[PDB]
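Peer 1: The structure is given below, and queries will be raised subsequently.
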Amino acid sequence: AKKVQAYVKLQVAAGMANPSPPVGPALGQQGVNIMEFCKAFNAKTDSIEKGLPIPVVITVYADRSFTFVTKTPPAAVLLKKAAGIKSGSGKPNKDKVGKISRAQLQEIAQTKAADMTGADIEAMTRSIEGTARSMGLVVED
Amino acid sequence: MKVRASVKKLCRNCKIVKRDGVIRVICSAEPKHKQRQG
Amino acid sequence: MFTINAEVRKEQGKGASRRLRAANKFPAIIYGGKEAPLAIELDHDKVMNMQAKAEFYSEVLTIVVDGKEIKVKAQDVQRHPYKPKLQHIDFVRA
Amino acid sequence: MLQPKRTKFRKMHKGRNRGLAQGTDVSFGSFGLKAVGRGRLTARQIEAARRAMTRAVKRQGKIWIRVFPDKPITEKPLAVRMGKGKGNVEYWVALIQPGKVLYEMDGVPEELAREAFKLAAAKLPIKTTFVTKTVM
Amino acid sequence: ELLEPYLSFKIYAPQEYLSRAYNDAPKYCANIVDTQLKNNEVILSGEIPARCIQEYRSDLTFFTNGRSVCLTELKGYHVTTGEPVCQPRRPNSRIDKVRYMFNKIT
Amino acid sequence: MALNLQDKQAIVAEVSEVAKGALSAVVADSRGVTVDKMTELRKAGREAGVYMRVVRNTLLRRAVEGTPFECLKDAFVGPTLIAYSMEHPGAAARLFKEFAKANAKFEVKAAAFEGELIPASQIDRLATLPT
RNA sequence: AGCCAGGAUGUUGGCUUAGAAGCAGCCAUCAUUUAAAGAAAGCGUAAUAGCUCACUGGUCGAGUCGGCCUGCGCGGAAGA
């Protein structure tokens with residue numbers, strides 16, 4: 001397991017193939033081709049969905065392309081199609097922008113557990129749900 | 001170099017000495033922070 | 001731990017008061033009830049460190065003079081004009 | 001610059017600055033810049049020292065000014081001989097006795113106010129310090 | 001409302017200096033743009049106003065140690081600029097009716 | 001650092017984990033990574049939960065201070081950087097072998113895997129565990 | 001006090017979709033894995049990355065750090 005060399009977790013919606021205003025120079029900043037994030041970017045994306053910003057490892061070598069294992073979208077953007085409102089903070093405690101419940105967010109939390117690291121699910125629960133708390137969202141426990 | 005009447009530590013790596021009675025602030029990091037008098 | 005040793009004054013007035021307060025000790029007085037007021041000088045440092053707690057200005061103190069203990073309260077107190085030190089205290093008897 | 005809105009008289013005697021101050025205790029804010037030095041803060045020094053303090057704490061906090069000039073100070077025009085009447089009031093000042101609380105501040109951390117009062121003190125001629133409202 | 005030229009400015013500089021060229025970006029009115037590597041060479045698609053574009057050749061000439069190279073072409077009349085909306089005189093003369101236009105002003 | 005109450009607290013807490021503990025092993029990551037934190041401790045999550053304590057605090061007057069009341073043979077383990085590894089579920093579980101295997105699994109070093117106490121023995125690679 | 005260690009996945013987080021990605025400004029200032037880790041004091045970035053400190057291990061082995069009060073001193077202190 002080699003350490004830091006070039007891998008960076010940055011790209012927008014997984015449905016946006018070959019970006020240039022979003023990523024562009026950021027993905028092709030190194031020797032890796034701009035084409036590498038369209039022909040190979042949707043090779044794993046199509047299996048689930050599109051339009052979801054999902055981070056992926058970009059460990060660039062001298063071997064043209066690179067090795068990668070795609071991970072899990074951020075809880076933030078997940079709370080739009082699974083929250084109702086597409087917005088978020090700006091006014092955290094100043095006003096209650098939205099709300100869910102532990103019965104639904106704890107329900108979604110363990111799905112991301114393949115990427116999450118915890119001794120037990122409950123922990124990841126209060127973690128991700130607290131992430132929801134930062135958005136001005138208050139859990140309906 | 002500066003020769004101010006007041007010579008407080010600018011950077012973190014600033015160190016106060018008192019060579020030949022005259023107080024100085026030598027900085028191993030930034031050569032601009034080197035100052036005398038005070 | 002509110003307990004302060006304190007001797008009895010003898011020479012009252014601006015004269016001995018200043019000689020005394022300029023000797024790491026300051027004058028004070030305990031008065032209240034039917035008893036006649038008892039002028040009482042006490043050590044400075046201690047009481048200076050005592051006002052560091054709010055309970056010094058509420059909870060009952062026990063000033064020890066001539067063996068006899070007097071339960072009191074800090075009804076009044078005079079800070080120094082600007083220096084971090086006291087000048088006089090009025091212990092209203094509890 | 002602070003200045004009285006109309007007064008009974010336009011000019012007044014110099015007078016001496018003797019004595020201890022009355023504004024000893026902190027009465028409004030939780031902290032304070034007590035004046036140790038014996039002097040006479042002009043209006044420009046108060047407005048200036050306030051600026052370099054109202055900005056030091058940003059939009060947050062609350063500041064009180066425990067002093068006000070109300071003493072007109074006259075000056076003789078340059079190249080004018082002695083006599084021919086009292087000069088013209090060029091500026092207003094507030095006399096400052098030792099132990100005189102100048103600025104008060106609340107709604108700020110003790111260290112933040114500790115730094116804000118270093119700057120206002122820097123602006124003021126008289127020697128100063130830092131005080132905290134002791135409960136009774 | 002003032003409008004100024006903002007022609008795109010492609011540039012090719014060695015990758016080792018490529019970070020330093022980014023420092024030129026802050027010093028120039030031109031916006032950052034998409035770019036790509038080309039072997040040891042590096043390339044980027046700039047987009048800066050013509051009014052400041054003339055010094056850009058000096059900038060690439062200095063940063064590259066003479067290894068710098070670049071090209072550009074005018075495009076996009078839309079842009080907007082500041083400040084004070086300064087304008088270059090003047091129009092117009094050698095035609096009848098202009099005196100009536102001067103009369104219209106007052 | 002917090003005073004006697006907290007040091008002694010964590011220590012006595014370690015002592016309570018020996019009262020219901022069993023097999024233990026050594027580990028010394030002079031150059032460890034948090035990446036390995038998600039291997040042995042993620043393994044802790046693979047066993048049951050948070051309870052497992054690597055509690056790396058082998059000061060001769062700290063972790064060794066809790067030694068005279070439980071397992072005095074571990075007193076010689078004291079020197080150098082050392083992190084005791086107690087267990088609770090499954091007597092003589094597989095947590096021991098995971099230090100030896102993990103060390104060969106990109107981890108630089110692991111206190112020369114000398115182990116601790118069940119047969120009152122020494123450095124011994126043992127698959128001989130109840131499986 | 002010095003000494004090789006460590007100082008994490010989403011946080012490209014919502015924000016004015018040009019970015020603010022611990023660190024322009026916003027408000028929030030999560031909680032876990034834990035010997036420890038602020039969703040961060042400084043540095044460095046177009047923004048990342050990156051380099052540090054907080055903090056905590058161990059090596060180490062005895063006093064040490066920061067205010068207050070004052071005494072006496074140094075600097076600030078250049079003329080025919």
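Letters A, B, ... go to the chains of the structure tokens in the order shown; residues in each chain start at 1; ligands are counted from 1 in the same order.
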May I have a table of the residues of chain F lying at most 7 Å from chain G, giving each one's closest pair of atoms and their distance in Å to one decimal, counting only C-alpha atoms (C1' of nucleotides), ordered by chain and ascending residue number, as a Markdown table?
Peer 2:
```
| residue | atom | partner | partner_atom | distance |
| --- | --- | --- | --- | --- |
| F:30 | CA | G:5 | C1' | 5.2 |
| F:31 | CA | G:5 | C1' | 5.1 |
| F:32 | CA | G:6 | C1' | 6.7 |
| F:33 | CA | G:6 | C1' | 6.7 |
| F:34 | CA | G:8 | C1' | 6.3 |
| F:55 | CA | G:35 | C1' | 6.0 |
| F:56 | CA | G:35 | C1' | 5.1 |
| F:57 | CA | G:35 | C1' | 6.9 |
| F:80 | CA | G:58 | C1' | 6.9 |
| F:81 | CA | G:58 | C1' | 4.9 |
```
Peer 1: Extract, using only C-alpha atoms (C1' of nucleotides), all DNA, RNA and protein residues at most 8 Å from range 17-33 of chain B, discarding same-chain residues fewer than 6 positions from it, and format them as a PDB file with N, CA, C and O atoms (P, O5', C5', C4', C3', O3' and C1' of nucleotides), in the first residue's frame.
Peer 2:
```
ATOM      1  N   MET B   1      18.435  45.689   8.305  1.00  0.00           N
ATOM      2  CA  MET B   1      17.672  45.183   9.440  1.00  0.00           C
ATOM      3  C   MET B   1      17.011  46.320  10.209  1.00  0.00           C
ATOM      4  O   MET B   1      17.459  47.467  10.167  1.00  0.00           O
ATOM      5  N   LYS B   2      15.936  45.992  10.910  1.00  0.00           N
ATOM      6  CA  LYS B   2      15.223  46.980  11.692  1.00  0.00           C
ATOM      7  C   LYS B   2      15.978  47.290  12.976  1.00  0.00           C
ATOM      8  O   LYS B   2      16.678  46.432  13.510  1.00  0.00           O
ATOM      9  N   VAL B   7      10.996  45.766  20.226  1.00  0.00           N
ATOM     10  CA  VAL B   7      11.428  44.594  19.472  1.00  0.00           C
ATOM     11  C   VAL B   7      10.741  43.319  19.940  1.00  0.00           C
ATOM     12  O   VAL B   7      11.387  42.401  20.448  1.00  0.00           O
ATOM     13  N   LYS B   8       9.429  43.262  19.763  1.00  0.00           N
ATOM     14  CA  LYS B   8       8.671  42.073  20.117  1.00  0.00           C
ATOM     15  C   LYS B   8       8.892  40.980  19.084  1.00  0.00           C
ATOM     16  O   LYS B   8       9.314  41.256  17.961  1.00  0.00           O
ATOM     17  N   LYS B   9       8.618  39.737  19.471  1.00  0.00           N
ATOM     18  CA  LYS B   9       8.765  38.601  18.564  1.00  0.00           C
ATOM     19  C   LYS B   9       7.707  38.648  17.470  1.00  0.00           C
ATOM     20  O   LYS B   9       6.507  38.666  17.749  1.00  0.00           O
ATOM     21  N   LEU B  10       8.156  38.654  16.221  1.00  0.00           N
ATOM     22  CA  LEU B  10       7.250  38.689  15.085  1.00  0.00           C
ATOM     23  C   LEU B  10       6.755  37.286  14.745  1.00  0.00           C
ATOM     24  O   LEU B  10       5.578  36.971  14.926  1.00  0.00           O
ATOM     25  N   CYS B  11       7.658  36.449  14.242  1.00  0.00           N
ATOM     26  CA  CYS B  11       7.328  35.060  13.933  1.00  0.00           C
ATOM     27  C   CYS B  11       7.387  34.198  15.193  1.00  0.00           C
ATOM     28  O   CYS B  11       7.650  34.694  16.288  1.00  0.00           O
TER      29      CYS B  11
ATOM     30  P     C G  74      21.262  51.833  33.752  1.00  0.00           P
ATOM     31  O5'   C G  74      21.048  50.810  32.556  1.00  0.00           O
ATOM     32  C5'   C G  74      22.118  49.996  32.108  1.00  0.00           C
ATOM     33  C4'   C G  74      21.717  49.161  30.922  1.00  0.00           C
ATOM     34  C3'   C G  74      21.140  49.938  29.754  1.00  0.00           C
ATOM     35  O3'   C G  74      22.142  50.516  28.933  1.00  0.00           O
ATOM     36  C1'   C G  74      19.757  48.083  30.223  1.00  0.00           C
ATOM     37  P     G G  75      21.872  51.925  28.204  1.00  0.00           P
ATOM     38  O5'   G G  75      20.773  51.579  27.106  1.00  0.00           O
ATOM     39  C5'   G G  75      21.060  50.657  26.068  1.00  0.00           C
ATOM     40  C4'   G G  75      19.838  50.349  25.248  1.00  0.00           C
ATOM     41  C3'   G G  75      19.163  51.536  24.571  1.00  0.00           C
ATOM     42  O3'   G G  75      19.803  51.918  23.365  1.00  0.00           O
ATOM     43  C1'   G G  75      17.537  50.129  25.576  1.00  0.00           C
TER      44        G G  75
END
```
Peer 1: Provide the CA of residue 13 in chain F to CA of residue 59 in chain F distance in Å, to one decimal place.
Peer 2: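 Rounded to one decimal, the two atoms are 16.0 Å apart.
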Peer 1: For a quick test of understanding: name the residues of chain G lying within 12 Å of chain C when counting only C-alpha atoms (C1' of nucleotides), and present them as a ChimeraX atom specification.
Peer 2: /G:68-70
Peer 1: Suppose we keep N, CA and C atoms (P, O5', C5', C4', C3', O3' and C1' of nucleotides); can you now write the selection as a PDB file, in the first residue's frame?
Peer 2:
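Result file is again_31.pdb:
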```pdb
ATOM      1  P     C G  68       1.507  40.521  34.874  1.00  0.00           P
ATOM      2  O5'   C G  68       1.183  40.526  36.431  1.00  0.00           O
ATOM      3  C5'   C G  68      -0.157  40.604  36.894  1.00  0.00           C
ATOM      4  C4'   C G  68      -0.209  40.621  38.398  1.00  0.00           C
ATOM      5  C3'   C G  68       0.769  41.566  39.076  1.00  0.00           C
ATOM      6  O3'   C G  68       0.329  42.913  39.095  1.00  0.00           O
ATOM      7  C1'   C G  68       0.858  39.455  40.131  1.00  0.00           C
ATOM      8  P     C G  69       1.359  44.105  38.773  1.00  0.00           P
ATOM      9  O5'   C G  69       1.978  44.472  40.196  1.00  0.00           O
ATOM     10  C5'   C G  69       1.157  44.508  41.355  1.00  0.00           C
ATOM     11  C4'   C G  69       1.920  44.110  42.595  1.00  0.00           C
ATOM     12  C3'   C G  69       3.214  44.865  42.842  1.00  0.00           C
ATOM     13  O3'   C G  69       2.996  46.131  43.447  1.00  0.00           O
ATOM     14  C1'   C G  69       3.574  42.541  43.146  1.00  0.00           C
ATOM     15  P     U G  70       2.959  47.464  42.550  1.00  0.00           P
ATOM     16  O5'   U G  70       4.171  48.337  43.103  1.00  0.00           O
ATOM     17  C5'   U G  70       5.500  48.094  42.664  1.00  0.00           C
ATOM     18  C4'   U G  70       6.350  47.488  43.752  1.00  0.00           C
ATOM     19  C3'   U G  70       7.845  47.719  43.609  1.00  0.00           C
ATOM     20  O3'   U G  70       8.249  48.987  44.087  1.00  0.00           O
ATOM     21  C1'   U G  70       7.459  45.432  44.016  1.00  0.00           C
TER      22        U G  70
END
```
Peer 1: Quick one: contact table of chain E to chain A, 8 Å max, nearest atom pair and distance in Å to one decimal per residue, counting only C-alpha atoms, chain and number order, as a tab-separated table?
Peer 2:
```
residue	atom	partner	partner_atom	distance
E:33	CA	A:25	CA	7.5
E:34	CA	A:25	CA	4.9
E:35	CA	A:25	CA	5.5
E:36	CA	A:28	CA	5.9
E:37	CA	A:31	CA	5.7
E:38	CA	A:31	CA	7.8
E:39	CA	A:31	CA	7.8
```
Peer 1: Output as a PyMOL selection string all residues of range 73-137 of chain A that backbone DSSP marks as helix (DSSP H, G or I).
Peer 2: chain A and resi 75-81+102-114+121-134
Peer 1: Which residues are close to residue 61 in chain A, i.e. within 12 Å by only C-alpha atoms (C1' of nucleotides), leaving aside same-chain residues fewer than 5 positions away? Reply as a VMD selection string.
Peer 2: chain A and resid 2 4 to 7 30 to 32 66 to 68
Peer 1: Quick one: residues within 8 Å of range 96-113 of chain A, only C-alpha atoms (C1' of nucleotides), excluding same-chain residues fewer than 3 positions away - as a PyMOL selection string?
Peer 2: chain A and resi 72+83+85+88-89+91-93+116-117+121-122+124-126+128-129+136-141
Peer 1: Excluding residue 23 in chain E and residues on its chain fewer than 6 positions from it, collect all residues at most 12 Å away from it, counting only C-alpha atoms (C1' of nucleotides), and give them as a ChimeraX atom specification.
Peer 2: /E:17,30,32,59-60,63 /G:45-46
Peer 1: Those selected residues, please, written with C-alpha atoms (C1' of nucleotides) and delivered as a PDB file, in the first residue's frame.
Peer 2:
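Wrote part-v5.pdb, looks like this:
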```pdb
ATOM      1  CA  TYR E  17       7.410  26.140 -14.563  1.00  0.00           C
ATOM      2  CA  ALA E  30      -7.494  36.604 -17.578  1.00  0.00           C
ATOM      3  CA  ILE E  32      -8.269  30.267 -15.479  1.00  0.00           C
ATOM      4  CA  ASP E  59       5.219  37.393 -18.632  1.00  0.00           C
ATOM      5  CA  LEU E  60       5.574  34.052 -20.401  1.00  0.00           C
ATOM      6  CA  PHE E  63       8.692  32.961 -16.366  1.00  0.00           C
TER       7      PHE E  63
ATOM      8  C1'   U G  45      -2.826  26.894  -2.765  1.00  0.00           C
ATOM      9  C1'   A G  46      -7.022  29.881  -8.594  1.00  0.00           C
TER      10        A G  46
END
```
Peer 1: Find the residues near residue 89 in chain C: any atom within 12 Å, counting only C-alpha atoms (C1' of nucleotides), skip ones fewer than 4 places away on the same chain, and give them as an MDAnalysis selection string.
Peer 2: chainID C and resid 25:31 39:44 47:48 51 56:57 72:80 85
Peer 1: Give the strand (DSSP E) residues of range 21-89 of chain C, as DSSP finds them on the backbone, and put them as an mmCIF file with N, CA, C and O atoms, in the first residue's frame.
Peer 2:
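Output file result_3.cif follows:
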```cif
data_model
loop_
_atom_site.group_PDB
_atom_site.id
_atom_site.type_symbol
_atom_site.label_atom_id
_atom_site.label_comp_id
_atom_site.auth_asym_id
_atom_site.auth_seq_id
_atom_site.Cartn_x
_atom_site.Cartn_y
_atom_site.Cartn_z
ATOM 1 N N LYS C 25 -0.402 44.793 55.908
ATOM 2 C CA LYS C 25 -1.597 44.592 56.726
ATOM 3 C C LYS C 25 -2.542 45.755 56.486
ATOM 4 O O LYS C 25 -2.085 46.857 56.242
ATOM 5 N N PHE C 26 -3.848 45.536 56.560
ATOM 6 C CA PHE C 26 -4.772 46.656 56.425
ATOM 7 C C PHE C 26 -5.871 46.628 57.478
ATOM 8 O O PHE C 26 -6.262 45.558 57.950
ATOM 9 N N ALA C 28 -9.678 47.158 59.292
ATOM 10 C CA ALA C 28 -11.036 46.745 58.975
ATOM 11 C C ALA C 28 -11.892 46.912 60.226
ATOM 12 O O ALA C 28 -11.432 47.460 61.213
ATOM 13 N N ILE C 29 -13.130 46.437 60.182
ATOM 14 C CA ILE C 29 -13.953 46.555 61.391
ATOM 15 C C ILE C 29 -15.146 45.621 61.336
ATOM 16 O O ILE C 29 -15.772 45.440 60.293
ATOM 17 N N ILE C 30 -15.459 45.026 62.480
ATOM 18 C CA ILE C 30 -16.633 44.182 62.595
ATOM 19 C C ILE C 30 -17.704 44.856 63.428
ATOM 20 O O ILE C 30 -17.474 45.198 64.580
ATOM 21 N N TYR C 31 -18.872 45.049 62.834
ATOM 22 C CA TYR C 31 -19.969 45.707 63.555
ATOM 23 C C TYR C 31 -21.325 45.131 63.170
ATOM 24 O O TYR C 31 -21.535 44.764 62.017
ATOM 25 N N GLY C 32 -22.264 45.115 64.112
ATOM 26 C CA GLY C 32 -23.570 44.546 63.854
ATOM 27 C C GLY C 32 -24.169 43.996 65.129
ATOM 28 O O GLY C 32 -23.451 43.516 66.004
ATOM 29 N N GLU C 35 -23.901 44.706 69.928
ATOM 30 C CA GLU C 35 -22.503 44.855 70.322
ATOM 31 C C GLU C 35 -21.872 46.108 69.724
ATOM 32 O O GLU C 35 -22.137 46.456 68.573
ATOM 33 N N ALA C 36 -21.030 46.774 70.511
ATOM 34 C CA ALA C 36 -20.279 47.928 70.038
ATOM 35 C C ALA C 36 -19.237 47.489 69.016
ATOM 36 O O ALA C 36 -18.645 46.419 69.157
ATOM 37 N N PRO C 37 -19.019 48.313 67.978
ATOM 38 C CA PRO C 37 -18.082 48.001 66.891
ATOM 39 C C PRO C 37 -16.677 47.671 67.380
ATOM 40 O O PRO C 37 -16.151 48.349 68.264
ATOM 41 N N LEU C 38 -16.085 46.625 66.809
ATOM 42 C CA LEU C 38 -14.727 46.226 67.148
ATOM 43 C C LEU C 38 -13.775 46.484 65.992
ATOM 44 O O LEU C 38 -13.830 45.797 64.971
ATOM 45 N N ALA C 39 -12.900 47.473 66.159
ATOM 46 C CA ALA C 39 -11.886 47.777 65.156
ATOM 47 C C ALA C 39 -10.872 46.643 65.069
ATOM 48 O O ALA C 39 -10.304 46.227 66.080
ATOM 49 N N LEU C 42 -6.099 43.342 59.965
ATOM 50 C CA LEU C 42 -5.751 41.990 59.533
ATOM 51 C C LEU C 42 -4.771 41.972 58.370
ATOM 52 O O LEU C 42 -4.574 42.978 57.688
ATOM 53 N N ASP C 43 -4.162 40.807 58.160
ATOM 54 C CA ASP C 43 -3.145 40.606 57.133
ATOM 55 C C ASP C 43 -3.703 40.837 55.733
ATOM 56 O O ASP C 43 -4.861 40.530 55.466
ATOM 57 N N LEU C 61 -18.137 34.325 56.952
ATOM 58 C CA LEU C 61 -16.740 34.133 57.341
ATOM 59 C C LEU C 61 -16.626 33.941 58.843
ATOM 60 O O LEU C 61 -17.566 34.233 59.578
ATOM 61 N N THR C 62 -15.473 33.465 59.300
ATOM 62 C CA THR C 62 -15.239 33.286 60.728
ATOM 63 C C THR C 62 -13.914 33.897 61.146
ATOM 64 O O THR C 62 -12.895 33.213 61.213
ATOM 65 N N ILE C 63 -13.933 35.197 61.419
ATOM 66 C CA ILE C 63 -12.712 35.899 61.809
ATOM 67 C C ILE C 63 -12.314 35.561 63.243
ATOM 68 O O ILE C 63 -13.109 35.701 64.165
ATOM 69 N N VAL C 64 -11.079 35.105 63.419
ATOM 70 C CA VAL C 64 -10.589 34.700 64.733
ATOM 71 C C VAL C 64 -9.808 35.822 65.403
ATOM 72 O O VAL C 64 -8.708 36.165 64.972
ATOM 73 N N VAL C 65 -10.391 36.403 66.447
ATOM 74 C CA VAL C 65 -9.715 37.453 67.206
ATOM 75 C C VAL C 65 -9.689 37.109 68.694
ATOM 76 O O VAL C 65 -10.731 36.822 69.291
ATOM 77 N N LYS C 68 -11.602 34.268 70.350
ATOM 78 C CA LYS C 68 -13.031 34.366 70.071
ATOM 79 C C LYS C 68 -13.292 34.458 68.571
ATOM 80 O O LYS C 68 -12.658 35.247 67.862
ATOM 81 N N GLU C 69 -14.222 33.637 68.096
ATOM 82 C CA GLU C 69 -14.569 33.608 66.680
ATOM 83 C C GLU C 69 -15.800 34.458 66.394
ATOM 84 O O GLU C 69 -16.802 34.384 67.108
ATOM 85 N N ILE C 70 -15.719 35.260 65.341
ATOM 86 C CA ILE C 70 -16.830 36.111 64.944
ATOM 87 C C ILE C 70 -17.297 35.759 63.534
ATOM 88 O O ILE C 70 -16.540 35.886 62.560
ATOM 89 N N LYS C 71 -18.529 35.268 63.440
ATOM 90 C CA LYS C 71 -19.145 34.979 62.154
ATOM 91 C C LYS C 71 -19.618 36.282 61.523
ATOM 92 O O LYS C 71 -20.347 37.052 62.144
ATOM 93 N N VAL C 72 -19.194 36.530 60.288
ATOM 94 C CA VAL C 72 -19.431 37.828 59.656
ATOM 95 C C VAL C 72 -19.754 37.757 58.169
ATOM 96 O O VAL C 72 -19.744 36.689 57.547
ATOM 97 N N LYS C 73 -20.038 38.935 57.610
ATOM 98 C CA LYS C 73 -20.256 39.058 56.174
ATOM 99 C C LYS C 73 -19.540 40.320 55.707
ATOM 100 O O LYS C 73 -19.339 41.258 56.484
ATOM 101 N N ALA C 74 -19.151 40.335 54.444
ATOM 102 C CA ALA C 74 -18.453 41.475 53.846
ATOM 103 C C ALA C 74 -19.472 42.468 53.307
ATOM 104 O O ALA C 74 -19.696 42.537 52.103
ATOM 105 N N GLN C 75 -20.109 43.218 54.206
ATOM 106 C CA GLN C 75 -21.118 44.175 53.764
ATOM 107 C C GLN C 75 -20.543 45.237 52.837
ATOM 108 O O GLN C 75 -21.139 45.571 51.806
ATOM 109 N N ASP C 76 -19.376 45.759 53.190
ATOM 110 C CA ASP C 76 -18.726 46.795 52.398
ATOM 111 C C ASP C 76 -17.232 46.502 52.262
ATOM 112 O O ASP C 76 -16.678 45.714 53.031
ATOM 113 N N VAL C 77 -16.598 47.120 51.268
ATOM 114 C CA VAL C 77 -15.182 46.913 51.000
ATOM 115 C C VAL C 77 -14.657 48.037 50.115
ATOM 116 O O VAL C 77 -15.338 48.477 49.188
ATOM 117 N N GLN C 78 -13.455 48.512 50.429
ATOM 118 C CA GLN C 78 -12.822 49.578 49.661
ATOM 119 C C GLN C 78 -11.574 49.090 48.940
ATOM 120 O O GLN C 78 -10.561 48.779 49.570
ATOM 121 N N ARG C 79 -11.656 49.022 47.618
ATOM 122 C CA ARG C 79 -10.490 48.723 46.805
ATOM 123 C C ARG C 79 -9.527 49.897 46.854
ATOM 124 O O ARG C 79 -9.897 51.002 47.239
ATOM 125 N N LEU C 86 -6.424 45.970 48.588
ATOM 126 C CA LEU C 86 -7.524 46.484 49.400
ATOM 127 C C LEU C 86 -7.055 47.598 50.324
ATOM 128 O O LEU C 86 -5.854 47.772 50.539
ATOM 129 N N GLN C 87 -8.007 48.339 50.880
ATOM 130 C CA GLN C 87 -7.691 49.425 51.797
ATOM 131 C C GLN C 87 -8.448 49.292 53.110
ATOM 132 O O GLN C 87 -7.919 49.648 54.164
ATOM 133 N N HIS C 88 -9.664 48.758 53.052
ATOM 134 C CA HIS C 88 -10.504 48.622 54.242
ATOM 135 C C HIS C 88 -11.711 47.717 54.019
ATOM 136 O O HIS C 88 -12.276 47.690 52.917
ATOM 137 N N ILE C 89 -12.137 47.009 55.065
ATOM 138 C CA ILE C 89 -13.328 46.164 54.955
ATOM 139 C C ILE C 89 -14.308 46.333 56.105
ATOM 140 O O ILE C 89 -13.907 46.386 57.294
#
```
Peer 1: Please list as a PyMOL selection string every residue within 12 Å of residue 120 in chain F, counting only C-alpha atoms (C1' of nucleotides) and excluding residues in the same chain fewer than 5 positions away.
Peer 2: chain F and resi 22-25+71-74+114-115
Peer 1: Select, from G:32, G:52, G:16, G:64, the residue with the minimum atom-to-atom distance to chain B, counting only C-alpha atoms (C1' of nucleotides).
Peer 2: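 Selected residue with least distance to chain B: G:52.
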Peer 1: Quick check, in Å to one decimal: how far apart do CA of residue 38 in chain D and CA of residue 26 in chain D lie?
Peer 2: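 Going from CA of residue 38 in chain D over to CA of residue 26 in chain D, I get 18.6 Å.
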Peer 1: Report, in Å to a single decimal, how far apart CA of residue 24 in chain E and CA of residue 78 in chain E are.
Peer 2: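 CA of residue 24 in chain E lies 23.4 Å from CA of residue 78 in chain E.
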Peer 1: Counting only C-alpha atoms, figure out which residue out of D:46, D:25, D:8, D:89 gets nearest to residue 76 in chain D.
Peer 2: D:89
